[PDB]
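**Student:** My structure is in input-v3.cif, and what it holds is mmCIF, C-alpha atoms and all ligand atoms; chains and numbers go by the auth columns:
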```
data_data
loop_
_atom_site.group_PDB
_atom_site.id
_atom_site.type_symbol
_atom_site.label_atom_id
_atom_site.label_comp_id
_atom_site.label_asym_id
_atom_site.label_seq_id
_atom_site.Cartn_x
_atom_site.Cartn_y
_atom_site.Cartn_z
_atom_site.B_iso_or_equiv
_atom_site.auth_seq_id
_atom_site.auth_asym_id
ATOM 1 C CA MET A 1 -57.534 -42.214 -69.591 0.00 1 T
ATOM 2 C CA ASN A 2 -58.665 -45.505 -68.074 0.00 2 T
ATOM 3 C CA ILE A 3 -58.770 -47.102 -64.631 0.00 3 T
ATOM 4 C CA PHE A 4 -55.162 -48.309 -64.867 0.00 4 T
ATOM 5 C CA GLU A 5 -53.792 -44.849 -65.685 0.00 5 T
ATOM 6 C CA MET A 6 -56.003 -43.255 -63.016 0.00 6 T
ATOM 7 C CA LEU A 7 -54.868 -45.579 -60.240 0.00 7 T
ATOM 8 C CA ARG A 8 -51.244 -45.463 -61.414 0.00 8 T
ATOM 9 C CA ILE A 9 -51.398 -41.689 -60.906 0.00 9 T
ATOM 10 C CA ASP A 10 -53.060 -42.015 -57.500 0.00 10 T
ATOM 11 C CA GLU A 11 -50.846 -44.843 -56.207 0.00 11 T
ATOM 12 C CA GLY A 12 -47.459 -44.258 -57.821 0.00 12 T
ATOM 13 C CA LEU A 13 -44.976 -47.062 -58.417 0.00 13 T
ATOM 14 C CA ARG A 14 -42.435 -48.320 -55.876 0.00 14 T
ATOM 15 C CA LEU A 15 -40.452 -51.539 -56.351 0.00 15 T
ATOM 16 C CA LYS A 16 -39.467 -52.017 -52.685 0.00 16 T
ATOM 17 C CA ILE A 17 -41.768 -52.529 -49.703 0.00 17 T
ATOM 18 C CA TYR A 18 -43.082 -49.184 -48.467 0.00 18 T
ATOM 19 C CA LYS A 19 -45.789 -48.007 -46.097 0.00 19 T
ATOM 20 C CA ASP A 20 -49.117 -46.655 -47.292 0.00 20 T
ATOM 21 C CA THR A 21 -50.794 -43.557 -45.866 0.00 21 T
ATOM 22 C CA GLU A 22 -52.156 -45.642 -42.959 0.00 22 T
ATOM 23 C CA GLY A 23 -48.720 -47.078 -42.147 0.00 23 T
ATOM 24 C CA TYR A 24 -49.300 -50.546 -43.645 0.00 24 T
ATOM 25 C CA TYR A 25 -46.707 -52.478 -45.645 0.00 25 T
ATOM 26 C CA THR A 26 -47.380 -52.135 -49.373 0.00 26 T
ATOM 27 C CA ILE A 27 -45.491 -52.596 -52.652 0.00 27 T
ATOM 28 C CA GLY A 28 -45.781 -51.805 -56.326 0.00 28 T
ATOM 29 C CA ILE A 29 -48.789 -49.776 -57.446 0.00 29 T
ATOM 30 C CA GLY A 30 -50.515 -49.685 -54.077 0.00 30 T
ATOM 31 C CA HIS A 31 -50.578 -53.433 -53.393 0.00 31 T
ATOM 32 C CA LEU A 32 -51.327 -53.903 -49.687 0.00 32 T
ATOM 33 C CA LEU A 33 -49.240 -56.729 -48.225 0.00 33 T
ATOM 34 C CA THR A 34 -50.389 -56.870 -44.603 0.00 34 T
ATOM 35 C CA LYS A 35 -51.752 -54.794 -41.760 0.00 35 T
ATOM 36 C CA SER A 36 -49.398 -56.606 -39.383 0.00 36 T
ATOM 37 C CA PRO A 37 -46.514 -54.536 -37.961 0.00 37 T
ATOM 38 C CA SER A 38 -44.134 -57.400 -38.851 0.00 38 T
ATOM 39 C CA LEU A 39 -41.945 -56.733 -41.884 0.00 39 T
ATOM 40 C CA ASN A 40 -41.263 -60.472 -42.047 0.00 40 T
ATOM 41 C CA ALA A 41 -45.009 -61.084 -42.369 0.00 41 T
ATOM 42 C CA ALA A 42 -45.109 -58.563 -45.222 0.00 42 T
ATOM 43 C CA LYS A 43 -42.162 -60.275 -46.919 0.00 43 T
ATOM 44 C CA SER A 44 -43.909 -63.644 -46.676 0.00 44 T
ATOM 45 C CA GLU A 45 -47.041 -62.181 -48.246 0.00 45 T
ATOM 46 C CA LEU A 46 -44.914 -60.706 -51.031 0.00 46 T
ATOM 47 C CA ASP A 47 -43.184 -64.001 -51.799 0.00 47 T
ATOM 48 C CA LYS A 48 -46.555 -65.784 -51.873 0.00 48 T
ATOM 49 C CA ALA A 49 -47.998 -63.131 -54.203 0.00 49 T
ATOM 50 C CA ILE A 50 -45.062 -63.173 -56.651 0.00 50 T
ATOM 51 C CA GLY A 51 -44.175 -66.873 -56.486 0.00 51 T
ATOM 52 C CA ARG A 52 -40.482 -66.437 -55.656 0.00 52 T
ATOM 53 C CA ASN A 53 -38.246 -65.314 -52.800 0.00 53 T
ATOM 54 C CA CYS A 54 -38.191 -61.548 -53.364 0.00 54 T
ATOM 55 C CA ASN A 55 -36.428 -60.138 -50.287 0.00 55 T
ATOM 56 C CA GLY A 56 -38.890 -57.209 -50.345 0.00 56 T
ATOM 57 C CA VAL A 57 -38.110 -56.110 -53.924 0.00 57 T
ATOM 58 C CA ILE A 58 -39.965 -56.722 -57.204 0.00 58 T
ATOM 59 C CA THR A 59 -39.579 -55.831 -60.876 0.00 59 T
ATOM 60 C CA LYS A 60 -41.732 -53.364 -62.795 0.00 60 T
ATOM 61 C CA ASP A 61 -43.310 -56.247 -64.728 0.00 61 T
ATOM 62 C CA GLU A 62 -44.234 -57.934 -61.445 0.00 62 T
ATOM 63 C CA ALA A 63 -45.670 -54.698 -60.050 0.00 63 T
ATOM 64 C CA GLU A 64 -47.792 -54.257 -63.175 0.00 64 T
ATOM 65 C CA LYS A 65 -49.054 -57.841 -63.036 0.00 65 T
ATOM 66 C CA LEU A 66 -50.026 -57.509 -59.372 0.00 66 T
ATOM 67 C CA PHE A 67 -51.748 -54.243 -60.277 0.00 67 T
ATOM 68 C CA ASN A 68 -53.806 -55.895 -63.018 0.00 68 T
ATOM 69 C CA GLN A 69 -54.867 -58.598 -60.563 0.00 69 T
ATOM 70 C CA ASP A 70 -55.786 -55.982 -57.952 0.00 70 T
ATOM 71 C CA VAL A 71 -57.876 -53.893 -60.370 0.00 71 T
ATOM 72 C CA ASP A 72 -59.680 -57.017 -61.564 0.00 72 T
ATOM 73 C CA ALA A 73 -60.330 -58.043 -57.957 0.00 73 T
ATOM 74 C CA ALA A 74 -61.914 -54.653 -57.261 0.00 74 T
ATOM 75 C CA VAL A 75 -64.176 -54.955 -60.315 0.00 75 T
ATOM 76 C CA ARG A 76 -65.224 -58.492 -59.447 0.00 76 T
ATOM 77 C CA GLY A 77 -65.889 -57.442 -55.855 0.00 77 T
ATOM 78 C CA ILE A 78 -68.256 -54.743 -57.096 0.00 78 T
ATOM 79 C CA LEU A 79 -69.992 -57.136 -59.479 0.00 79 T
ATOM 80 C CA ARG A 80 -70.514 -59.763 -56.758 0.00 80 T
ATOM 81 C CA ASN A 81 -71.918 -57.250 -54.256 0.00 81 T
ATOM 82 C CA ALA A 82 -75.699 -56.838 -54.321 0.00 82 T
ATOM 83 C CA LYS A 83 -75.482 -53.242 -53.060 0.00 83 T
ATOM 84 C CA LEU A 84 -72.616 -52.031 -55.259 0.00 84 T
ATOM 85 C CA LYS A 85 -73.453 -53.733 -58.561 0.00 85 T
ATOM 86 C CA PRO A 86 -76.726 -51.879 -59.312 0.00 86 T
ATOM 87 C CA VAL A 87 -75.068 -48.516 -58.706 0.00 87 T
ATOM 88 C CA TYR A 88 -71.992 -49.462 -60.746 0.00 88 T
ATOM 89 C CA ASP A 89 -74.168 -50.616 -63.641 0.00 89 T
ATOM 90 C CA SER A 90 -76.044 -47.296 -63.580 0.00 90 T
ATOM 91 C CA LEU A 91 -72.837 -45.282 -64.116 0.00 91 T
ATOM 92 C CA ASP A 92 -71.093 -44.187 -67.301 0.00 92 T
ATOM 93 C CA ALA A 93 -67.580 -45.449 -68.034 0.00 93 T
ATOM 94 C CA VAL A 94 -65.677 -42.536 -66.476 0.00 94 T
ATOM 95 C CA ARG A 95 -67.669 -42.656 -63.256 0.00 95 T
ATOM 96 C CA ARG A 96 -67.226 -46.440 -63.145 0.00 96 T
ATOM 97 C CA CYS A 97 -63.491 -45.737 -62.934 0.00 97 T
ATOM 98 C CA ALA A 98 -64.099 -43.539 -59.883 0.00 98 T
ATOM 99 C CA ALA A 99 -66.089 -46.404 -58.347 0.00 99 T
ATOM 100 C CA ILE A 100 -63.295 -48.916 -58.937 0.00 100 T
ATOM 101 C CA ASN A 101 -60.781 -46.427 -57.545 0.00 101 T
ATOM 102 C CA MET A 102 -62.657 -46.206 -54.225 0.00 102 T
ATOM 103 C CA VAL A 103 -63.028 -49.985 -53.920 0.00 103 T
ATOM 104 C CA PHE A 104 -59.335 -50.436 -54.749 0.00 104 T
ATOM 105 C CA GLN A 105 -58.410 -48.012 -51.970 0.00 105 T
ATOM 106 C CA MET A 106 -60.889 -49.079 -49.253 0.00 106 T
ATOM 107 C CA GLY A 107 -62.293 -52.474 -50.263 0.00 107 T
ATOM 108 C CA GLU A 108 -65.926 -53.516 -50.066 0.00 108 T
ATOM 109 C CA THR A 109 -65.865 -53.260 -46.261 0.00 109 T
ATOM 110 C CA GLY A 110 -64.378 -49.757 -46.370 0.00 110 T
ATOM 111 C CA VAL A 111 -67.201 -48.443 -48.582 0.00 111 T
ATOM 112 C CA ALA A 112 -69.983 -50.013 -46.489 0.00 112 T
ATOM 113 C CA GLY A 113 -70.827 -46.680 -44.845 0.00 113 T
ATOM 114 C CA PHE A 114 -71.323 -44.953 -48.211 0.00 114 T
ATOM 115 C CA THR A 115 -74.978 -46.091 -48.491 0.00 115 T
ATOM 116 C CA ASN A 116 -76.318 -42.543 -48.839 0.00 116 T
ATOM 117 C CA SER A 117 -73.607 -41.616 -51.355 0.00 117 T
ATOM 118 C CA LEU A 118 -74.479 -44.716 -53.387 0.00 118 T
ATOM 119 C CA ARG A 119 -78.137 -43.686 -53.498 0.00 119 T
ATOM 120 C CA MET A 120 -77.252 -40.173 -54.653 0.00 120 T
ATOM 121 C CA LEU A 121 -74.948 -41.584 -57.350 0.00 121 T
ATOM 122 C CA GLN A 122 -77.634 -43.966 -58.595 0.00 122 T
ATOM 123 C CA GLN A 123 -80.038 -41.005 -58.701 0.00 123 T
ATOM 124 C CA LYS A 124 -77.424 -39.045 -60.703 0.00 124 T
ATOM 125 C CA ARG A 125 -77.518 -36.231 -58.139 0.00 125 T
ATOM 126 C CA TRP A 126 -73.873 -35.480 -58.795 0.00 126 T
ATOM 127 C CA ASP A 127 -73.360 -32.294 -56.775 0.00 127 T
ATOM 128 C CA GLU A 128 -75.180 -33.747 -53.779 0.00 128 T
ATOM 129 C CA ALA A 129 -73.193 -36.973 -54.047 0.00 129 T
ATOM 130 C CA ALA A 130 -69.955 -34.974 -54.170 0.00 130 T
ATOM 131 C CA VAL A 131 -70.868 -33.097 -50.982 0.00 131 T
ATOM 132 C CA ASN A 132 -71.851 -36.341 -49.256 0.00 132 T
ATOM 133 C CA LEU A 133 -68.709 -38.221 -50.356 0.00 133 T
ATOM 134 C CA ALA A 134 -66.517 -35.538 -48.759 0.00 134 T
ATOM 135 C CA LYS A 135 -68.157 -36.056 -45.339 0.00 135 T
ATOM 136 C CA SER A 136 -65.924 -39.031 -44.704 0.00 136 T
ATOM 137 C CA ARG A 137 -62.757 -40.184 -43.006 0.00 137 T
ATOM 138 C CA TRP A 138 -61.620 -41.042 -46.545 0.00 138 T
ATOM 139 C CA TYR A 139 -61.756 -37.412 -47.669 0.00 139 T
ATOM 140 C CA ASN A 140 -60.242 -36.052 -44.468 0.00 140 T
ATOM 141 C CA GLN A 141 -57.297 -38.453 -44.463 0.00 141 T
ATOM 142 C CA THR A 142 -56.484 -38.407 -48.215 0.00 142 T
ATOM 143 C CA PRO A 143 -58.074 -35.153 -49.388 0.00 143 T
ATOM 144 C CA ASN A 144 -56.204 -34.581 -52.638 0.00 144 T
ATOM 145 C CA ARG A 145 -56.868 -38.085 -53.911 0.00 145 T
ATOM 146 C CA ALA A 146 -60.469 -37.994 -52.666 0.00 146 T
ATOM 147 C CA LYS A 147 -60.972 -34.615 -54.360 0.00 147 T
ATOM 148 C CA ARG A 148 -59.804 -36.084 -57.679 0.00 148 T
ATOM 149 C CA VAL A 149 -62.128 -39.070 -57.339 0.00 149 T
ATOM 150 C CA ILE A 150 -65.041 -36.875 -56.235 0.00 150 T
ATOM 151 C CA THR A 151 -64.473 -34.482 -59.146 0.00 151 T
ATOM 152 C CA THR A 152 -64.611 -37.497 -61.448 0.00 152 T
ATOM 153 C CA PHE A 153 -67.986 -38.494 -59.961 0.00 153 T
ATOM 154 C CA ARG A 154 -69.220 -34.888 -60.027 0.00 154 T
ATOM 155 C CA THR A 155 -68.324 -34.151 -63.657 0.00 155 T
ATOM 156 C CA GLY A 156 -67.977 -37.489 -65.441 0.00 156 T
ATOM 157 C CA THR A 157 -64.747 -36.151 -66.968 0.00 157 T
ATOM 158 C CA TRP A 158 -61.036 -36.763 -66.496 0.00 158 T
ATOM 159 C CA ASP A 159 -60.464 -33.085 -65.667 0.00 159 T
ATOM 160 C CA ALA A 160 -58.972 -33.741 -62.220 0.00 160 T
ATOM 161 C CA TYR A 161 -56.350 -36.081 -63.691 0.00 161 T
ATOM 162 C CA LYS A 162 -55.475 -33.939 -66.706 0.00 162 T
ATOM 163 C CA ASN A 163 -55.083 -30.949 -64.370 0.00 163 T
HETATM 164 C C1 LIG B . -69.442 -44.723 -52.926 0.00 201 T
HETATM 165 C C2 LIG B . -69.300 -46.244 -52.921 0.00 201 T
HETATM 166 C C3 LIG B . -67.936 -46.725 -53.404 0.00 201 T
HETATM 167 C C4 LIG B . -67.747 -46.647 -54.914 0.00 201 T
HETATM 168 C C5 LIG B . -68.781 -47.412 -55.734 0.00 201 T
HETATM 169 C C6 LIG B . -68.989 -48.819 -55.897 0.00 201 T
HETATM 170 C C7 LIG B . -70.054 -49.079 -56.761 0.00 201 T
HETATM 171 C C8 LIG B . -70.713 -47.988 -57.294 0.00 201 T
HETATM 172 S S1 LIG B . -69.953 -46.592 -56.673 0.00 201 T
#
```
Now, as a test, write the supplied structure out as structure tokens.
Ligand SMILES: CCCCc1cccs1

**Tutor:**
Amino acid sequence: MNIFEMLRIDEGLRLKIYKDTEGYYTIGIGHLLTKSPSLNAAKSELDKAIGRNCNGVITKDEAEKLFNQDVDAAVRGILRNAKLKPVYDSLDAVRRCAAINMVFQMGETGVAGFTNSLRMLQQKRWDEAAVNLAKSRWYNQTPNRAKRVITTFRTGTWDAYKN
């Protein structure tokens, strides 16, 4: 397992515009298009992202390329962030995947309230971090996915994804 396989499991693959768990237009492997309620706005974002007139539909190759760009953007966002980078660099490779997963799902802004969780992770207080991570809108709104990510932080194994 690696970050691509992990997020492919968590996000699925859909080749036509769909709505994410928050109701926002999305495509591919969890690629957010827009928070606007306008499907036309989402279609414009899609065409800009792919470089052709897509009519709301992409190929698997295009979905996988967007996904690679999105994973890389999450990593670079962590590495450019003075609060996230030191914690990320303190983690082992499996837990770094859990970190990328959260930033992919919520962005840097969405993880801003996780200050106490970040401290517990940097301190390697895994059980305490797991308890703290679950006290979140994130966990309450997407509990099965959050449980998998939290188990990855708690154990440093892929057990939640193999199971
Ligand atoms: C709990 C904060 C979101 C995930 C992480 C980013 C960097 C280290 S952990």

**Student:** Taking all atoms listed in the file and a cut-off of 6 Å, can you tell me which residues surround ligand LIG 201 (chain T), written as a count of residues only?

**Tutor:** 11

**Student:** Using the chain letters and numbers from the file, which residues does the PyMOL selection byres (((chain T and resi 43) around 9) and not hetatm) grab, as a ChimeraX atom specification?

**Tutor:** /T:17,33,38-42,44-48,53-56

**Student:** Once the PyMOL selection byres (((chain T and resi 8) around 12) and not hetatm) has been applied to the shown file, what residues remain in the selection, as a PyMOL selection string?

**Tutor:** chain T and resi 1-7+9-14+28-31+63-64+67-68+70-71+101+104+145+161

**Student:** Closest to residue 79 (chain T) among T:159, T:22, T:128, T:108, using all atoms listed in the file?

**Tutor:**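 When distances to residue 79 (chain T) are compared using all atoms listed in the file, the smallest one comes from T:108.
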
**Student:** Find, counting only C-alpha atoms, the residue in T:120, T:21, T:27, T:72 that gets nearest to residue 142 (chain T).

**Tutor:**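 Using only C-alpha atoms, residue 142 (chain T) sits closest to T:21.
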
**Student:** Determine the residue membership of the PyMOL selection byres (((chain T and resi 135-140) around 10) and not hetatm) for the file above and supply it as a PDB file with C-alpha atoms, in the frame of the given file.

**Tutor:**
```pdb
ATOM      1  CA  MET T 102     -62.657 -46.206 -54.225  1.00  0.00           C
ATOM      2  CA  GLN T 105     -58.410 -48.012 -51.970  1.00  0.00           C
ATOM      3  CA  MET T 106     -60.889 -49.079 -49.253  1.00  0.00           C
ATOM      4  CA  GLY T 110     -64.378 -49.757 -46.370  1.00  0.00           C
ATOM      5  CA  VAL T 111     -67.201 -48.443 -48.582  1.00  0.00           C
ATOM      6  CA  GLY T 113     -70.827 -46.680 -44.845  1.00  0.00           C
ATOM      7  CA  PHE T 114     -71.323 -44.953 -48.211  1.00  0.00           C
ATOM      8  CA  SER T 117     -73.607 -41.616 -51.355  1.00  0.00           C
ATOM      9  CA  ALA T 130     -69.955 -34.974 -54.170  1.00  0.00           C
ATOM     10  CA  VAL T 131     -70.868 -33.097 -50.982  1.00  0.00           C
ATOM     11  CA  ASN T 132     -71.851 -36.341 -49.256  1.00  0.00           C
ATOM     12  CA  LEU T 133     -68.709 -38.221 -50.356  1.00  0.00           C
ATOM     13  CA  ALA T 134     -66.517 -35.538 -48.759  1.00  0.00           C
ATOM     14  CA  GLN T 141     -57.297 -38.453 -44.463  1.00  0.00           C
ATOM     15  CA  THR T 142     -56.484 -38.407 -48.215  1.00  0.00           C
ATOM     16  CA  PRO T 143     -58.074 -35.153 -49.388  1.00  0.00           C
ATOM     17  CA  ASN T 144     -56.204 -34.581 -52.638  1.00  0.00           C
ATOM     18  CA  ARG T 145     -56.868 -38.085 -53.911  1.00  0.00           C
ATOM     19  CA  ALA T 146     -60.469 -37.994 -52.666  1.00  0.00           C
ATOM     20  CA  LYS T 147     -60.972 -34.615 -54.360  1.00  0.00           C
ATOM     21  CA  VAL T 149     -62.128 -39.070 -57.339  1.00  0.00           C
ATOM     22  CA  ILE T 150     -65.041 -36.875 -56.235  1.00  0.00           C
TER      23      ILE T 150
END
```

**Student:** Work out how far CA of residue 66 (chain T) is from CA of residue 26 (chain T), in Å to one decimal.

**Tutor:** 11.7 Å

**Student:** Please list, as a list in words, the residues that have an atom at most 7 Å away from (-65.7, -42.5, -62.0) in the coordinates of this file, counting only C-alpha atoms.

**Tutor:**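 Every residue inside that radius is included here: residues 93, 94, 95, 96, 97, 98, 99, 149, 152, 153 and 156 of chain T.
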
**Student:** Tell me, in Å to one decimal, how far CA of residue 160 (chain T) is from CA of residue 59 (chain T).

**Tutor:**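 Between CA of residue 160 (chain T) and CA of residue 59 (chain T) the gap is 29.4 Å.
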
**Student:** Could you give me the axis-aligned bounding box of region 54-62 of chain T, with 5 Å of padding per side, as centre plus edge lengths in Å to one decimal, as AutoDock Vina command-line options?

**Tutor:**
```
--center_x -40.3 --center_y -57.5 --center_z -57.5 --size_x 17.8 --size_y 18.2 --size_z 24.4
```

**Student:** Quick one: pull the distance between CA of residue 162 (chain T) and CA of residue 124 (chain T), Å, one decimal.

**Tutor:**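 It comes out at 23.3 Å.
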
**Student:** Smallest atom-to-atom distance to residue 32 (chain T): which of T:81, T:51, T:91, T:107, using all atoms listed in the file?

**Tutor:** T:107
